[PDB]
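Colleague: Below is a structure I'd like to ask you about.
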Amino acid sequence: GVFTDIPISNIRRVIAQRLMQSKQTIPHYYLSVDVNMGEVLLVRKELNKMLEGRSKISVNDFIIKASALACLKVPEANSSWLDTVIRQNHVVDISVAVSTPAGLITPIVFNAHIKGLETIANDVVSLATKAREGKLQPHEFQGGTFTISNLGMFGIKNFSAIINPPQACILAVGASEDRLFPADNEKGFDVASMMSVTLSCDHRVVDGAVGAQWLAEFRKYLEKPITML
Amino acid sequence: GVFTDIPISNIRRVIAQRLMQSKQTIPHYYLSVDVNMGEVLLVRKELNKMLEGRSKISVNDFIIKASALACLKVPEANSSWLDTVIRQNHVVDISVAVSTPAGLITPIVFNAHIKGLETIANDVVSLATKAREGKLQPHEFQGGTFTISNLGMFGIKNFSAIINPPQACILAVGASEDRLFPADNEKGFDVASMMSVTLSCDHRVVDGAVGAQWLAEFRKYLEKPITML
Amino acid sequence: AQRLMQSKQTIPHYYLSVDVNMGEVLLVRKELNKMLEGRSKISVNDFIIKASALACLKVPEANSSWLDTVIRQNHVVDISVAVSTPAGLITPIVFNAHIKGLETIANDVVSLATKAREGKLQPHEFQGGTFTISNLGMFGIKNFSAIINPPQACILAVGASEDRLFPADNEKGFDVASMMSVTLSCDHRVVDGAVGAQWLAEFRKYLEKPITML
C-alpha cells in the first residue's frame, strides 16, 4: 500500500518520555570551538608501540580523560538542578553513549579522574561486551554526572544532542578532518588536523562565562598531552 | 510617536499556533555536514546545452532528486509519530518551501522518486505561478512527508529551521562558497566549491546513527551524479 | 510452431536499421562497477533495457497493439527479454522498466535466469509484455531480423559490438571507435515510417550520452 503502520515497543515507550521531559523543562544553549589534534596522534602512535599485544589506545580515550580533568578545574559543569538544591558533585562519572541496533544505551565509566588511560580503554571495550549482548545491570547504565557522545565515525562535522534530565552538560564530537592554516613558512601555509566540538549547557546552573572556560581547559589538555600530568 | 501598534491578520494567526505546537512537543536535535558541489556544476552545464529553448535546470533541482533517492535507502527518515503508531511511508512527497511577500507557503512535489529532472524543473516553476499569484488548492500545499528549505540566495551559510508537526525531518541548505583544500599538487593546494547542509531530526523516531547515514547517502549522490542511475 | 505461423501470415513486417556508438557506455559501466563492489554487476545488456523503456515514452505509438477494432495504447512499459535455454526460447518479463534503476534491473535479469533455465516459472511470469528485446551479440552475429510476438507491435534485434574506424579531425585523419548494429522490426499497421524512424533517433541519443537518461 501507501503507508505501513508499526506499533510501539516498550523500549521506545520509555525513551520517548525522557526526551520530552528534557526539552520542555531545560533551557538549552549551545557553544562551539575547534581543537587541534596534531599532538595526540603522535602520543598514541608510540604508546601503542610500548604497549604491544595487551591493549590498544584510541582517540576516543584521550577525550574521556581530558573531560574528567577539566571538570575539576571548573566544577560548575558537574552540578545538578533539583529545583531547591544545586547538588554539586565531587566525583566525575562519565557516561559514554554507544549505539546498538536495539537503540542508544549509555554505559558508565566510574571515577574517571583517577584512572589511567589503559584502565579506561579496557573498560570501554569490556562494556561493549555487556551492552551490545544485553548483560547490563540497571545500576550499570543509569546514573553518571556527565555525558560524551561521539559521531565522528560517520562523517558528521557538528551536531547538538539533548541533555540527560538530571545532568547539566553533554558533549558532542565531530569528525577529524584535514584543514590548512596560515603559518610563518616560506610557502606561507602548513597543514594540520582539526576536530570540531559542541558543548550543550543548561543555562540555569551554567552561565556563559563559566562554560566558555570549560572549553578553554578542554582545548588546552588535548593540544599538549604532557599537561595531563 | 515612539512605538506603532499593528493588529494580527488571519494568516499569521494560524501560522503562530503551528509554530508553538511544533517546538513544545518535538525534541529537535541538529546535524551538519558539507557537500562538494564540484561535479554537479559540470553536469548542469551540459544538460542545459542539450536541452536548449525548452527548460532550464537549476542547482535546486539536483537537491530535490538526491533527497528523494536517499529516503529510499534509509526509510526511517520518512516516518511520522502519531503517539501510538510510527506510520512509515513508502511514497516520498517533498514539500519545497518558497517565500512570497505574503508569507511562507510550501508547494508540494508529489512522487519525487520516479520523476526525472526535467519533470521536476517544470513543476517547481509552474507552482511558482500558482503560489505567488494565489491560485492554490488546499490539498496542493498541505501534506507531504519531507521538507526542503533553501536560503542560499541570501548569503546565509548555515541555519536550522523548525520541523512541520506531522513530519520528522527538514533540510536546510546554505550558500555555495569557494574554499580551498590541501591536495597532492606541486603547489600543495587546489580550489573547490563547497556547500553547507544542516539536517534537523526528530529524536523520537530518528536515532543518532540513523540520521548520520542519511547525510552519508545525500553527500554521495551529489558528489558523483552518475550514481543516481 | 502455431504462434510463429500466426505471426508471419497476418502481420505485415517491415524492417529498419541504424548503428549506435557505444563509446561512452563503456566508460560509465567501468566506474559504476567500481563504486558497486561485491554486491552486483552491471552489463551492457542492462543499458539497452533502460534506454528502450525511456524511448517508448517519447514516442508512444511503438507501444501499442492492434486488436482489429481498437488500437490499444499502453501507458506501462513491460519489456520481455528473450533468453535461450537448451529446452527452447523462453521470454521472462521485466515489469515497469521505466521507473526502475539500473541495479534493480540487473538483479531482475539474473534472478529470472534462475527461474527460467531451471523451470520454476509461473504462466503469468513469461506470457505478456508490450515490447521485446532479443540479443545475439554473444555469438558474433552482426545483424538479424526476428519475428514479432503476435499481440505486440515492435521487437528489437541487437548485433555484436565490433571495432570500426572513422574519419576525424586528427593530425593522422582517423580515430578508432566501437560500434553496434541495431535492427528494429515494426508492424506497419500501427507504426508508420516516420514514427519508427524517430524511435531509433531517441534510442541512439540516450546510449551515446548516458547523462541524458536523468
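Ordering of the C-alpha cells sets the chain letters (A, B, ...), residue numbers begin anew at 1 in every chain, and ligands are numbered from 1 in the order given.
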Check every residue of chain B for an atom within 7 Å of chain C, counting only C-alpha atoms, and provide those that qualify as a PyMOL selection string.
Modeller: chain B and resi 114+116-117+229
Colleague: Export, as a CSV table (one decimal), in the first residue's frame, the selected residues with N, CA, C and O atoms.
Modeller:
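Dumped to again_38.csv:
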```csv
chain,number,residue,atom,x,y,z
B,114,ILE,N,10.3,8.9,-8.7
B,114,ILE,CA,10.2,8.3,-10.0
B,114,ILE,C,10.4,9.3,-11.1
B,114,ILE,O,10.7,9.0,-12.3
B,116,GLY,N,12.0,12.4,-13.5
B,116,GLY,CA,13.2,12.8,-13.9
B,116,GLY,C,13.5,14.2,-13.5
B,116,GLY,O,12.7,14.9,-12.9
B,117,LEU,N,14.6,14.8,-14.0
B,117,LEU,CA,15.0,16.1,-13.6
B,117,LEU,C,14.2,17.2,-14.3
B,117,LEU,O,13.8,18.2,-13.8
B,229,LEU,N,21.7,6.9,-11.3
B,229,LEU,CA,21.1,5.9,-12.2
B,229,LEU,C,20.8,4.6,-11.5
B,229,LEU,O,21.5,4.2,-10.5
```
Colleague: Tell me, as a PDB file with N, CA, C and O atoms, in the first residue's frame, which residues lie within 7 Å of residue 92 (chain A), counting only C-alpha atoms; anything in the same chain fewer than 2 positions away does not count.
Modeller:
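selection_29.pdb, freshly written:
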```pdb
ATOM      1  N   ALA A  68      37.422  14.499  32.173  1.00  0.00           N
ATOM      2  CA  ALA A  68      37.318  14.294  33.611  1.00  0.00           C
ATOM      3  C   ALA A  68      38.263  15.213  34.369  1.00  0.00           C
ATOM      4  O   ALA A  68      38.003  15.559  35.525  1.00  0.00           O
ATOM      5  N   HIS A  90      31.489  15.874  43.622  1.00  0.00           N
ATOM      6  CA  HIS A  90      32.940  15.805  43.680  1.00  0.00           C
ATOM      7  C   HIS A  90      33.503  14.576  42.982  1.00  0.00           C
ATOM      8  O   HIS A  90      34.724  14.393  42.974  1.00  0.00           O
ATOM      9  N   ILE A  94      31.594   9.701  33.997  1.00  0.00           N
ATOM     10  CA  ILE A  94      31.327   9.966  32.590  1.00  0.00           C
ATOM     11  C   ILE A  94      30.508   8.828  32.005  1.00  0.00           C
ATOM     12  O   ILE A  94      30.881   7.657  32.119  1.00  0.00           O
ATOM     13  N   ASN A 111      34.570   6.950  38.176  1.00  0.00           N
ATOM     14  CA  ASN A 111      35.813   7.524  38.705  1.00  0.00           C
ATOM     15  C   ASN A 111      36.847   7.752  37.605  1.00  0.00           C
ATOM     16  O   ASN A 111      37.930   7.171  37.606  1.00  0.00           O
ATOM     17  N   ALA A 112      36.496   8.601  36.650  1.00  0.00           N
ATOM     18  CA  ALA A 112      37.370   8.810  35.508  1.00  0.00           C
ATOM     19  C   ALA A 112      38.468   9.826  35.769  1.00  0.00           C
ATOM     20  O   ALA A 112      39.250  10.110  34.857  1.00  0.00           O
ATOM     21  N   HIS A 113      38.562  10.373  36.978  1.00  0.00           N
ATOM     22  CA  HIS A 113      39.581  11.379  37.246  1.00  0.00           C
ATOM     23  C   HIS A 113      40.808  10.794  37.931  1.00  0.00           C
ATOM     24  O   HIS A 113      41.796  11.509  38.131  1.00  0.00           O
ATOM     25  N   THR A 145      27.281  11.757  35.919  1.00  0.00           N
ATOM     26  CA  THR A 145      27.206  13.202  36.099  1.00  0.00           C
ATOM     27  C   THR A 145      27.591  13.975  34.845  1.00  0.00           C
ATOM     28  O   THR A 145      27.595  15.210  34.872  1.00  0.00           O
TER      29      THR A 145
END
```
Colleague: Up to 6 Å from chain A, what residues of chain B turn up? Count only C-alpha atoms and give them as a PyMOL selection string.
Modeller: chain B and resi 27+29-33+85-90+204
Colleague: Would you mind exporting C-alpha atoms of the selected residues as a PDB file, in the first residue's frame?
Modeller:
```pdb
ATOM      1  CA  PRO B  27      12.505  17.241  20.770  1.00  0.00           C
ATOM      2  CA  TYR B  29      18.385  17.919  17.575  1.00  0.00           C
ATOM      3  CA  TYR B  30      20.601  19.126  14.772  1.00  0.00           C
ATOM      4  CA  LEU B  31      23.207  17.629  12.431  1.00  0.00           C
ATOM      5  CA  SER B  32      25.628  19.044   9.877  1.00  0.00           C
ATOM      6  CA  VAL B  33      27.953  18.132   7.005  1.00  0.00           C
ATOM      7  CA  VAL B  85       1.764   4.295  15.604  1.00  0.00           C
ATOM      8  CA  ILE B  86       5.012   5.143  13.822  1.00  0.00           C
ATOM      9  CA  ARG B  87       3.451   5.483  10.367  1.00  0.00           C
ATOM     10  CA  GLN B  88       6.140   4.519   7.855  1.00  0.00           C
ATOM     11  CA  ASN B  89       5.538   5.854   4.352  1.00  0.00           C
ATOM     12  CA  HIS B  90       6.525   4.323   1.020  1.00  0.00           C
ATOM     13  CA  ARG B 204      11.673  10.193  18.934  1.00  0.00           C
TER      14      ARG B 204
END
```
Colleague: Residues at most 8 Å from residue 169 (chain B), counting only C-alpha atoms, excluding those fewer than 3 positions away in the same chain, as a tab-separated table (two decimals) with N, CA, C and O atoms, in the first residue's frame?
Modeller:
```tsv
chain	number	residue	atom	x	y	z
B	77	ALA	N	13.83	8.04	8.03
B	77	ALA	CA	13.72	9.49	7.91
B	77	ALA	C	12.50	9.92	7.12
B	77	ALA	O	12.47	11.05	6.63
B	78	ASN	N	11.50	9.06	6.99
B	78	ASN	CA	10.34	9.29	6.15
B	78	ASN	C	9.07	8.88	6.90
B	78	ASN	O	8.04	8.57	6.31
B	146	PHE	N	8.26	15.26	3.78
B	146	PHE	CA	9.63	15.73	3.86
B	146	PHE	C	9.61	17.20	3.46
B	146	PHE	O	8.64	17.68	2.88
B	147	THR	N	10.67	17.93	3.78
B	147	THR	CA	10.66	19.37	3.53
B	147	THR	C	12.07	19.85	3.24
B	147	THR	O	12.99	19.57	4.01
B	163	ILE	N	10.67	21.89	12.31
B	163	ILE	CA	10.01	20.80	11.58
B	163	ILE	C	8.50	20.96	11.51
B	163	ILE	O	7.88	21.44	12.45
B	199	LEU	N	20.74	19.21	8.67
B	199	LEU	CA	19.54	18.42	8.93
B	199	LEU	C	19.02	18.73	10.32
B	199	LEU	O	19.76	19.20	11.18
B	200	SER	N	17.72	18.49	10.54
B	200	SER	CA	17.09	18.74	11.84
B	200	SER	C	16.07	17.63	12.10
B	200	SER	O	14.93	17.73	11.66
B	201	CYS	N	16.48	16.61	12.82
B	201	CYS	CA	15.68	15.41	13.00
B	201	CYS	C	14.75	15.54	14.20
B	201	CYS	O	14.90	16.42	15.05
B	202	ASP	N	13.78	14.63	14.26
B	202	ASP	CA	13.00	14.37	15.47
B	202	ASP	C	13.62	13.18	16.18
B	202	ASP	O	13.76	12.11	15.59
```
Colleague: I'd like the interatomic distance between CA of residue 49 (chain A) and CA of residue 193 (chain A), to a tenth of an Å.
Modeller: 21.8 Å
Colleague: What lies within 10 Å of residue 130 (chain C) using only C-alpha atoms, ignoring chain neighbours under 6 positions off, as a PDB file with N, CA, C and O atoms, in the first residue's frame?
Modeller:
```pdb
ATOM      1  N   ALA C  62       4.961   3.207 -30.633  1.00  0.00           N
ATOM      2  CA  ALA C  62       5.691   1.945 -30.675  1.00  0.00           C
ATOM      3  C   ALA C  62       5.398   1.058 -29.478  1.00  0.00           C
ATOM      4  O   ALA C  62       6.191   0.159 -29.189  1.00  0.00           O
ATOM      5  N   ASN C  63       4.294   1.290 -28.779  1.00  0.00           N
ATOM      6  CA  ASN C  63       3.955   0.616 -27.537  1.00  0.00           C
ATOM      7  C   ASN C  63       2.488   0.201 -27.559  1.00  0.00           C
ATOM      8  O   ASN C  63       1.855   0.002 -26.523  1.00  0.00           O
ATOM      9  N   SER C  64       1.931   0.061 -28.755  1.00  0.00           N
ATOM     10  CA  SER C  64       0.507  -0.149 -28.948  1.00  0.00           C
ATOM     11  C   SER C  64       0.236  -1.604 -29.308  1.00  0.00           C
ATOM     12  O   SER C  64       1.136  -2.449 -29.257  1.00  0.00           O
ATOM     13  N   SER C  65      -1.015  -1.902 -29.651  1.00  0.00           N
ATOM     14  CA  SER C  65      -1.409  -3.243 -30.057  1.00  0.00           C
ATOM     15  C   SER C  65      -2.632  -3.153 -30.955  1.00  0.00           C
ATOM     16  O   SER C  65      -3.576  -2.418 -30.652  1.00  0.00           O
ATOM     17  N   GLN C  73      -3.556   1.520 -26.775  1.00  0.00           N
ATOM     18  CA  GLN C  73      -2.327   2.225 -26.444  1.00  0.00           C
ATOM     19  C   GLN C  73      -2.031   2.059 -24.961  1.00  0.00           C
ATOM     20  O   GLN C  73      -2.873   2.383 -24.120  1.00  0.00           O
ATOM     21  N   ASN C  74      -0.840   1.566 -24.651  1.00  0.00           N
ATOM     22  CA  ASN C  74      -0.455   1.281 -23.279  1.00  0.00           C
ATOM     23  C   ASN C  74       0.336   2.434 -22.677  1.00  0.00           C
ATOM     24  O   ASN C  74       1.027   3.176 -23.377  1.00  0.00           O
ATOM     25  N   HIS C  75       0.224   2.577 -21.357  1.00  0.00           N
ATOM     26  CA  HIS C  75       0.995   3.556 -20.606  1.00  0.00           C
ATOM     27  C   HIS C  75       2.039   2.920 -19.701  1.00  0.00           C
ATOM     28  O   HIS C  75       2.751   3.643 -18.998  1.00  0.00           O
ATOM     29  N   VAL C  76       2.141   1.596 -19.700  1.00  0.00           N
ATOM     30  CA  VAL C  76       3.069   0.857 -18.857  1.00  0.00           C
ATOM     31  C   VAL C  76       3.976   0.031 -19.756  1.00  0.00           C
ATOM     32  O   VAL C  76       3.498  -0.797 -20.538  1.00  0.00           O
ATOM     33  N   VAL C  77       5.280   0.247 -19.642  1.00  0.00           N
ATOM     34  CA  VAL C  77       6.264  -0.451 -20.460  1.00  0.00           C
ATOM     35  C   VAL C  77       6.639  -1.746 -19.757  1.00  0.00           C
ATOM     36  O   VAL C  77       7.097  -1.728 -18.611  1.00  0.00           O
ATOM     37  N   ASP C  78       6.453  -2.872 -20.441  1.00  0.00           N
ATOM     38  CA  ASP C  78       6.762  -4.192 -19.899  1.00  0.00           C
ATOM     39  C   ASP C  78       7.658  -4.915 -20.896  1.00  0.00           C
ATOM     40  O   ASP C  78       7.166  -5.602 -21.795  1.00  0.00           O
ATOM     41  N   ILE C  79       8.963  -4.769 -20.733  1.00  0.00           N
ATOM     42  CA  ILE C  79       9.935  -5.312 -21.674  1.00  0.00           C
ATOM     43  C   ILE C  79      10.103  -6.802 -21.428  1.00  0.00           C
ATOM     44  O   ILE C  79      10.368  -7.231 -20.301  1.00  0.00           O
ATOM     45  N   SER C  80       9.945  -7.597 -22.483  1.00  0.00           N
ATOM     46  CA  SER C  80      10.096  -9.044 -22.411  1.00  0.00           C
ATOM     47  C   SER C  80      11.438  -9.432 -23.016  1.00  0.00           C
ATOM     48  O   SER C  80      11.554  -9.578 -24.235  1.00  0.00           O
ATOM     49  N   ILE C  93       9.802 -11.664 -18.205  1.00  0.00           N
ATOM     50  CA  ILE C  93       9.249 -10.320 -18.309  1.00  0.00           C
ATOM     51  C   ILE C  93       9.814  -9.462 -17.186  1.00  0.00           C
ATOM     52  O   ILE C  93       9.853  -9.883 -16.026  1.00  0.00           O
ATOM     53  N   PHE C  95       8.827  -6.216 -15.419  1.00  0.00           N
ATOM     54  CA  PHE C  95       7.717  -5.284 -15.282  1.00  0.00           C
ATOM     55  C   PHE C  95       8.205  -3.907 -14.859  1.00  0.00           C
ATOM     56  O   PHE C  95       9.135  -3.783 -14.056  1.00  0.00           O
ATOM     57  N   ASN C 149       6.082 -10.760 -31.666  1.00  0.00           N
ATOM     58  CA  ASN C 149       5.095 -11.515 -30.902  1.00  0.00           C
ATOM     59  C   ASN C 149       3.748 -11.079 -31.455  1.00  0.00           C
ATOM     60  O   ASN C 149       3.560  -9.906 -31.768  1.00  0.00           O
ATOM     61  N   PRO C 151       0.596 -10.367 -30.241  1.00  0.00           N
ATOM     62  CA  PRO C 151      -0.114  -9.144 -29.840  1.00  0.00           C
ATOM     63  C   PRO C 151       0.738  -7.879 -29.921  1.00  0.00           C
ATOM     64  O   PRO C 151       0.184  -6.801 -30.125  1.00  0.00           O
ATOM     65  N   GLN C 152       2.052  -7.998 -29.774  1.00  0.00           N
ATOM     66  CA  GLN C 152       2.935  -6.830 -29.772  1.00  0.00           C
ATOM     67  C   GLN C 152       3.163  -6.197 -31.139  1.00  0.00           C
ATOM     68  O   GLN C 152       2.886  -6.812 -32.167  1.00  0.00           O
ATOM     69  N   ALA C 153       3.648  -4.958 -31.152  1.00  0.00           N
ATOM     70  CA  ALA C 153       3.871  -4.254 -32.414  1.00  0.00           C
ATOM     71  C   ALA C 153       5.341  -4.065 -32.810  1.00  0.00           C
ATOM     72  O   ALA C 153       5.629  -3.806 -33.976  1.00  0.00           O
ATOM     73  N   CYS C 154       6.268  -4.181 -31.861  1.00  0.00           N
ATOM     74  CA  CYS C 154       7.676  -3.975 -32.159  1.00  0.00           C
ATOM     75  C   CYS C 154       8.486  -5.139 -31.609  1.00  0.00           C
ATOM     76  O   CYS C 154       7.989  -5.966 -30.843  1.00  0.00           O
ATOM     77  N   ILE C 155       9.748  -5.191 -32.027  1.00  0.00           N
ATOM     78  CA  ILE C 155      10.752  -6.084 -31.464  1.00  0.00           C
ATOM     79  C   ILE C 155      12.090  -5.428 -31.768  1.00  0.00           C
ATOM     80  O   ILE C 155      12.193  -4.595 -32.669  1.00  0.00           O
TER      81      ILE C 155
END
```
Colleague: Find the residues near region 179-188 of chain C: any atom within 7 Å, counting only C-alpha atoms, skip ones fewer than 2 places away on the same chain, and give them as a JSON list (two decimals) with N, CA, C and O atoms, in the first residue's frame.
Modeller:
```json
[["chain", "number", "residue", "atom", "x", "y", "z"],
["C", 11, "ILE", "N", 0.69, -10.33, -39.86],
["C", 11, "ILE", "CA", 1.36, -9.07, -39.56],
["C", 11, "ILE", "C", 2.24, -8.68, -40.74],
["C", 11, "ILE", "O", 3.14, -9.45, -41.11],
["C", 12, "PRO", "N", 2.03, -7.52, -41.36],
["C", 12, "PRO", "CA", 2.92, -7.05, -42.44],
["C", 12, "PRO", "C", 4.20, -6.38, -41.95],
["C", 12, "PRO", "O", 4.27, -5.16, -41.75],
["C", 13, "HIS", "N", 5.23, -7.19, -41.72],
["C", 13, "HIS", "CA", 6.50, -6.70, -41.21],
["C", 13, "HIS", "C", 7.21, -5.79, -42.20],
["C", 13, "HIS", "O", 7.09, -5.94, -43.42],
["C", 14, "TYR", "N", 7.98, -4.84, -41.66],
["C", 14, "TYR", "CA", 8.97, -4.12, -42.44],
["C", 14, "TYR", "C", 10.08, -3.71, -41.49],
["C", 14, "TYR", "O", 9.84, -3.46, -40.31],
["C", 15, "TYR", "N", 11.30, -3.62, -42.01],
["C", 15, "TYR", "CA", 12.49, -3.60, -41.18],
["C", 15, "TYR", "C", 13.12, -2.21, -41.22],
["C", 15, "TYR", "O", 12.84, -1.42, -42.12],
["C", 16, "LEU", "N", 13.94, -1.91, -40.22],
["C", 16, "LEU", "CA", 14.66, -0.65, -40.12],
["C", 16, "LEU", "C", 16.03, -0.94, -39.53],
["C", 16, "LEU", "O", 16.25, -2.00, -38.94],
["C", 17, "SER", "N", 16.96, -0.01, -39.68],
["C", 17, "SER", "CA", 18.32, -0.23, -39.20],
["C", 17, "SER", "C", 19.04, 1.08, -38.94],
["C", 17, "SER", "O", 18.76, 2.10, -39.57],
["C", 18, "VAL", "N", 20.00, 1.02, -38.02],
["C", 18, "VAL", "CA", 20.84, 2.15, -37.63],
["C", 18, "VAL", "C", 22.01, 1.53, -36.87],
["C", 18, "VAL", "O", 21.94, 0.38, -36.44],
["C", 19, "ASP", "N", 23.12, 2.26, -36.72],
["C", 19, "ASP", "CA", 24.20, 1.79, -35.87],
["C", 19, "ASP", "C", 24.50, 2.81, -34.78],
["C", 19, "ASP", "O", 24.40, 4.02, -34.99],
["C", 20, "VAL", "N", 24.85, 2.31, -33.60],
["C", 20, "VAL", "CA", 24.96, 3.10, -32.38],
["C", 20, "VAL", "C", 26.41, 3.09, -31.93],
["C", 20, "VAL", "O", 27.05, 2.04, -31.88],
["C", 21, "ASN", "N", 26.94, 4.26, -31.60],
["C", 21, "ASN", "CA", 28.25, 4.37, -30.99],
["C", 21, "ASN", "C", 28.15, 4.03, -29.51],
["C", 21, "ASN", "O", 27.47, 4.72, -28.74],
["C", 22, "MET", "N", 28.84, 2.97, -29.11],
["C", 22, "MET", "CA", 28.86, 2.54, -27.72],
["C", 22, "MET", "C", 30.14, 2.96, -27.01],
["C", 22, "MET", "O", 30.66, 2.21, -26.19],
["C", 142, "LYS", "N", 26.22, -10.00, -36.75],
["C", 142, "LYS", "CA", 26.20, -8.55, -36.92],
["C", 142, "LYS", "C", 24.80, -7.98, -37.06],
["C", 142, "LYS", "O", 24.52, -6.92, -36.50],
["C", 143, "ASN", "N", 23.92, -8.63, -37.81],
["C", 143, "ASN", "CA", 22.55, -8.17, -37.97],
["C", 143, "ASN", "C", 21.64, -9.37, -38.06],
["C", 143, "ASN", "O", 22.03, -10.42, -38.59],
["C", 144, "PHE", "N", 20.42, -9.22, -37.56],
["C", 144, "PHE", "CA", 19.38, -10.20, -37.84],
["C", 144, "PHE", "C", 18.04, -9.48, -37.75],
["C", 144, "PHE", "O", 17.99, -8.27, -37.52],
["C", 145, "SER", "N", 16.96, -10.22, -37.98],
["C", 145, "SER", "CA", 15.63, -9.61, -38.05],
["C", 145, "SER", "C", 14.62, -10.65, -37.57],
["C", 145, "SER", "O", 14.25, -11.56, -38.32],
["C", 153, "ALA", "N", 3.65, -4.96, -31.15],
["C", 153, "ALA", "CA", 3.87, -4.25, -32.41],
["C", 153, "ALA", "C", 5.34, -4.06, -32.81],
["C", 153, "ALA", "O", 5.63, -3.81, -33.98],
["C", 154, "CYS", "N", 6.27, -4.18, -31.86],
["C", 154, "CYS", "CA", 7.68, -3.97, -32.16],
["C", 154, "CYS", "C", 8.49, -5.14, -31.61],
["C", 154, "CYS", "O", 7.99, -5.97, -30.84],
["C", 155, "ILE", "N", 9.75, -5.19, -32.03],
["C", 155, "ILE", "CA", 10.75, -6.08, -31.46],
["C", 155, "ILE", "C", 12.09, -5.43, -31.77],
["C", 155, "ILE", "O", 12.19, -4.60, -32.67],
["C", 156, "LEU", "N", 13.10, -5.75, -30.98],
["C", 156, "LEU", "CA", 14.43, -5.21, -31.24],
["C", 156, "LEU", "C", 15.36, -6.36, -31.56],
["C", 156, "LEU", "O", 15.09, -7.52, -31.24],
["C", 157, "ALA", "N", 16.48, -6.05, -32.21],
["C", 157, "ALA", "CA", 17.44, -7.08, -32.59],
["C", 157, "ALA", "C", 18.82, -6.46, -32.59],
["C", 157, "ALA", "O", 19.10, -5.57, -33.40],
["C", 158, "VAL", "N", 19.68, -6.93, -31.71],
["C", 158, "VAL", "CA", 20.97, -6.30, -31.43],
["C", 158, "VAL", "C", 22.07, -7.18, -31.99],
["C", 158, "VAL", "O", 22.07, -8.40, -31.78],
["C", 159, "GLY", "N", 23.01, -6.57, -32.70],
["C", 159, "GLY", "CA", 24.17, -7.26, -33.21],
["C", 159, "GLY", "C", 25.28, -7.35, -32.19],
["C", 159, "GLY", "O", 25.06, -7.26, -30.98],
["C", 160, "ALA", "N", 26.49, -7.53, -32.69],
["C", 160, "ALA", "CA", 27.66, -7.68, -31.84],
["C", 160, "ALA", "C", 28.54, -6.44, -31.94],
["C", 160, "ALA", "O", 28.72, -5.88, -33.02],
["C", 161, "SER", "N", 29.08, -6.03, -30.80],
["C", 161, "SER", "CA", 29.89, -4.82, -30.71],
["C", 161, "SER", "C", 31.25, -5.08, -31.33],
["C", 161, "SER", "O", 32.01, -5.93, -30.87],
["C", 162, "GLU", "N", 31.55, -4.33, -32.39],
["C", 162, "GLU", "CA", 32.78, -4.50, -33.15],
["C", 162, "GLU", "C", 33.63, -3.25, -33.01],
["C", 162, "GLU", "O", 33.33, -2.35, -32.22],
["C", 163, "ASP", "N", 34.71, -3.19, -33.78],
["C", 163, "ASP", "CA", 35.64, -2.08, -33.72],
["C", 163, "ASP", "C", 35.87, -1.54, -35.13],
["C", 163, "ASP", "O", 36.54, -2.19, -35.94],
["C", 164, "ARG", "N", 35.33, -0.36, -35.41],
["C", 164, "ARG", "CA", 35.46, 0.28, -36.70],
["C", 164, "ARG", "C", 36.37, 1.49, -36.56],
["C", 164, "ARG", "O", 36.90, 1.77, -35.49],
["C", 177, "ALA", "N", 36.85, 3.60, -32.97],
["C", 177, "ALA", "CA", 35.68, 3.65, -32.12],
["C", 177, "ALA", "C", 34.94, 2.33, -32.16],
["C", 177, "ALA", "O", 35.05, 1.57, -33.13],
["C", 190, "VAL", "N", 0.19, -0.20, -37.38],
["C", 190, "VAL", "CA", 0.10, 0.76, -36.29],
["C", 190, "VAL", "C", 1.27, 1.73, -36.29],
["C", 190, "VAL", "O", 1.16, 2.82, -35.71],
["C", 191, "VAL", "N", 2.39, 1.39, -36.92],
["C", 191, "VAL", "CA", 3.59, 2.21, -36.91],
["C", 191, "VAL", "C", 3.90, 2.59, -38.35],
["C", 191, "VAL", "O", 4.07, 1.72, -39.21],
["C", 192, "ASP", "N", 3.99, 3.89, -38.62],
["C", 192, "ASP", "CA", 4.32, 4.37, -39.95],
["C", 192, "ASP", "C", 5.83, 4.35, -40.16],
["C", 192, "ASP", "O", 6.58, 3.77, -39.38]]
```
Colleague: Write out as a ChimeraX atom specification the set of residues from chain C that DSSP, computed on the backbone, places in helix (DSSP H, G or I).
Modeller: /C:2-10,25-35,44-58,60-63,102-117,193-208,210-213
Colleague: What does the structure give for the distance between CA of residue 194 (chain C) and CA of residue 148 (chain C), in Å to one decimal?
Modeller: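 CA of residue 148 (chain C) lies at a distance of 19.5 Å from CA of residue 194 (chain C).
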Colleague: To one decimal place in Å, what is the distance between CA of residue 81 (chain A) and CA of residue 83 (chain B)?
Modeller: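 Straight-line distance from CA of residue 81 (chain A) to CA of residue 83 (chain B) works out to 29.4 Å.
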